[PDB]
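Q: Take a look at this one; I'll ask things after.
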Amino acid sequence: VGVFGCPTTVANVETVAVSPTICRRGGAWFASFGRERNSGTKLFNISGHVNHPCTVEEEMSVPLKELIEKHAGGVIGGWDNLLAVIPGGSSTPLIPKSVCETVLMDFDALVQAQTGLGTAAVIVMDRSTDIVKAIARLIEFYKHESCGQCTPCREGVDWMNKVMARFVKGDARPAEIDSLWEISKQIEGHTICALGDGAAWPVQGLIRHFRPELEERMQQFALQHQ
Amino acid sequence: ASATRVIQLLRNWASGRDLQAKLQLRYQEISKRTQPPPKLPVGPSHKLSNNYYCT
Ligand code: SF4
């Protein structure tokens, strides 16, 4: 079934428009580039806190450092300023500076990096950028974009929005981060579509990757808003 | 309490026991009838994480 109940092949434009080159050259051309399974070429959309944010066709299984150095002149403030990177896209969790170095953007390597290839829409936050604030617009963006049919997504992201609003402000207790963990996994795999799961991965990745920083901001709220 | 010494040594002797040590009625030994506000405790399930009622 599909549109008006008809068979309909939904293919991403990048996969559609690369299909020429694999029919004009063959599978050897596509498979030679990129790692096992993850092969070919994809538009890596370097942006965020990068010196020269642009969209470049790029090989996958590419180290992050030369991804931003060669094609963009580096990350603003260097790697030390770089606190984390969202390499794949929104549905791909961010990973810390101690992990980025030269992780390869091949689907398997993001999986071991607890993230995904997404659409290679890689964006960077510097140290000056608060990671709690960095995804603050991201998580509320997911809430602003949800059809709301299934209960986990309709009641999830908005509830996640409010509980994190007091998180970035710091009006919460240390247990509240654990509750945010619990309901994030609760909506995971329980929504009709992948928007909820797509919204789950960003917040899910942040919790298990910069948890002490999340616990850092809250007593900062407590000392002055006592 | 009220009762003078003369009545006292009569009631101690007739009973043979020191009744003035503790009385069968209270003059001033009770809690003040109104009490300062309390603060009730919490229990094993007033948590937000791994308290799923199923287990
Ligand atoms: S997860 Fe998808 S299907 Fe479910 S409510 Fe959100 S947008 Fe709708």
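Protein chains in written order, with the entry's author numbering: chain 1F, 213 to 438; chain 1r, 1 to 55. Just so you know, even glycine gets a beta-carbon here, dropped at the ideal spot from N, CA and C.
Whole angstroms is fine: what's the gap from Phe-433 (chain 1F)'s alpha carbon to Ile-351 (chain 1F)'s?
A: As a position in the first sequence, residue 433 (chain 1F) is number 221, starting the count at 1. As a position in the first sequence, residue 351 (chain 1F) is number 139, starting the count at 1. Rounded to whole angstroms, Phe-433 (chain 1F) to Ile-351 (chain 1F) spans 21 Å at the Cα level.
Q: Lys-254 (chain 1F) lies in the beta strand (DSSP E); which residues open and close that run?
A: Taking the first sequence and counting its residues from 1, the one referred to as residue 254 (chain 1F) is at position 42. Counting along the chain, the beta strand (DSSP E) containing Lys-254 (chain 1F) begins and ends at 254-258.
Q: Tell me, which residues are paired with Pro-308 (chain 1F) by DSSP?
A: The residue labelled residue 308 (chain 1F) in the question sits at position 96 within the first sequence. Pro-308 (chain 1F) pairs with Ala-296 (chain 1F).
Q: Flag this pair as yes or no: are the beta carbons of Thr-304 (chain 1F) and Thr-327 (chain 1F) separated by less than 7 Å?
A: Position 92 of the first sequence holds residue 304 (chain 1F). Position 115 of the first sequence holds residue 327 (chain 1F). A contact, by the Cβ cut-off of 7 Å.
Q: For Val-297 (chain 1F) and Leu-276 (chain 1F), which I take to be in contact (beta-carbon distance under 8 Å), what is that distance rounded to the nearest angstrom?
A: In the first sequence, the residue the question calls residue 297 (chain 1F) occupies position 85. In the first sequence, the residue the question calls residue 276 (chain 1F) occupies position 64. Rounded, the Cβ-Cβ distance is 6 Å, consistent with contact.
Q: Could you spell out where the alpha helix (DSSP H) holding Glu-428 (chain 1F) opens and where it closes?
A: Along the first sequence, read from residue 1 onward, the residue named residue 428 (chain 1F) stands at position 216. 423-436 is the extent of the alpha helix (DSSP H) around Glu-428 (chain 1F).
Q: To test your reading of the DSSP string, which unbroken alpha helix (DSSP H) runs of 4 or more residues are found completely within the segment 221-295 of chain 1F?
A: Here the runs fully enclosed are 225-236, 239-244, 276-282 and 290-293.
Q: Let's test the definition: count the other Cβ atoms within 10 Å of the Cβ of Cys-365 (chain 1F) and tell me whether it reaches 16, buried, or not, exposed.
A: On the first sequence, position 153 is the one that residue 365 (chain 1F) refers to. Answer is buried; the Cβ neighbour count reaches 16.
Q: When DSSP labels each residue in this structure, what does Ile-30 (chain 1r) get in the three-state scheme?
A: As a position in the second sequence, residue 30 (chain 1r) is number 30, starting the count at 1. Coil.
Q: Beta-carbon of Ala-387 (chain 1F) versus every beta-carbon of chain 1r: anything under 7 Å?
A: Translated into the one-based positions of the first sequence, residue 387 (chain 1F) becomes position 175. So yes, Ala-387 (chain 1F) belongs to the interface.
Q: Which chain 1F residues are close to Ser-49 (chain 1r), counting only those with a beta carbon under 8 Å from its beta carbon?
A: The residue labelled residue 49 (chain 1r) in the question sits at position 49 within the second sequence. Result: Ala-387, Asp-390, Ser-391, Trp-393 and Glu-394.
Q: For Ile-335 (chain 1F), name the three-state secondary structure that DSSP assigns.
A: Residue 335 (chain 1F) sits at position 123 when you count from the first residue of the first sequence. Strand at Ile-335 (chain 1F).
Q: Which of helix, strand or coil does DSSP assign to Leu-316 (chain 1F)?
A: Translated into the one-based positions of the first sequence, residue 316 (chain 1F) becomes position 104. Reduced to three states, the DSSP call for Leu-316 (chain 1F) is strand.
Q: Ordered along the chain, which non-local residues of its own chain (more than five positions away) have a Cβ less than 7 Å from that of residue 65 (chain 1r)?
A: Lying before the first or after the last residue shown, residue 65 (chain 1r) is absent from chain 1r, which here runs from 1 to 55.
Q: Report yes or no: do three or more beta-carbon pairs, one from the segment 369-389 of chain 1F and one from the segment 298-318 of chain 1F, lie closer than 8 Å?
A: No: the two stretches stay apart, fewer than three of their Cβ pairs being nearer than 8 Å.
Q: For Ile-351 (chain 1F), is the beta carbon positioned less than 6 Å from some heavy atom of the ligand SF4?
A: Taking the first sequence and counting its residues from 1, the one referred to as residue 351 (chain 1F) is at position 139. No.
Q: Quick check: is any heavy atom of the ligand SF4 less than 6 Å from the C-beta of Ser-358 (chain 1F)?
A: Counting from 1 along the first sequence, the entry for residue 358 (chain 1F) is found at position 146. Result yes, Cβ under 6 Å from the ligand SF4.
Q: Using the Cβ count rule (16 or more neighbours within 10 Å means buried), how would you classify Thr-233 (chain 1F)?
A: Stepping through the first sequence from its first residue, residue 233 (chain 1F) is reached at position 21. By the neighbour-count rule (16 or more Cβ atoms within 10 Å), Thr-233 (chain 1F) is not buried but exposed.
Q: Do you know how far the Cα of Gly-301 (chain 1F) is from the Cα of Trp-393 (chain 1F)?
A: Within the first sequence, the letter at position 181 stands for residue 393 (chain 1F). Within the first sequence, the letter at position 89 stands for residue 301 (chain 1F). Roughly 21 Å separates the two Cα atoms.
Q: Would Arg-429 (chain 1F) pass as a contact of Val-344 (chain 1F) if the rule is Cβ separation under 7 Å?
A: Position 217 of the first sequence, counting from 1, holds the residue named residue 429 (chain 1F). Position 132 of the first sequence, counting from 1, holds the residue named residue 344 (chain 1F). Result yes, Cβ atoms of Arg-429 (chain 1F) and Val-344 (chain 1F) sit closer than 7 Å.
Q: Please report the residue range of the alpha helix (DSSP H) in which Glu-394 (chain 1F) lies.
A: Sequence index remark: in the first sequence, residue 394 (chain 1F) carries index 182 (1-based). Element bounds for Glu-394 (chain 1F): 386-399.
Q: Helix or strand or just coil, what does DSSP make of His-356 (chain 1F)?
A: Here the question's residue 356 (chain 1F) lines up with position 144 in the first sequence. Helix.
Q: Apply the 10 Å Cβ neighbour rule to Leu-418 (chain 1F) and answer buried if 16 or more other Cβ atoms are within range, or exposed otherwise.
A: As a first step, residue 418 (chain 1F) must be located in the first sequence, where it is residue number 206. Classification of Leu-418 (chain 1F): buried, given that the 10 Å Cβ count is 16 or more.
Q: Which residue wins for smallest C-alpha separation from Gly-285 (chain 1F), given the options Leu-294 (chain 1F), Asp-292 (chain 1F), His-264 (chain 1F) and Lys-355 (chain 1F)?
A: For the purposes of this step, residue 285 (chain 1F) is identified with residue 73 of the first sequence, where counting begins at 1. Out of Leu-294 (chain 1F), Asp-292 (chain 1F), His-264 (chain 1F) and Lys-355 (chain 1F), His-264 (chain 1F) has the C-alpha closest to the C-alpha of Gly-285 (chain 1F).
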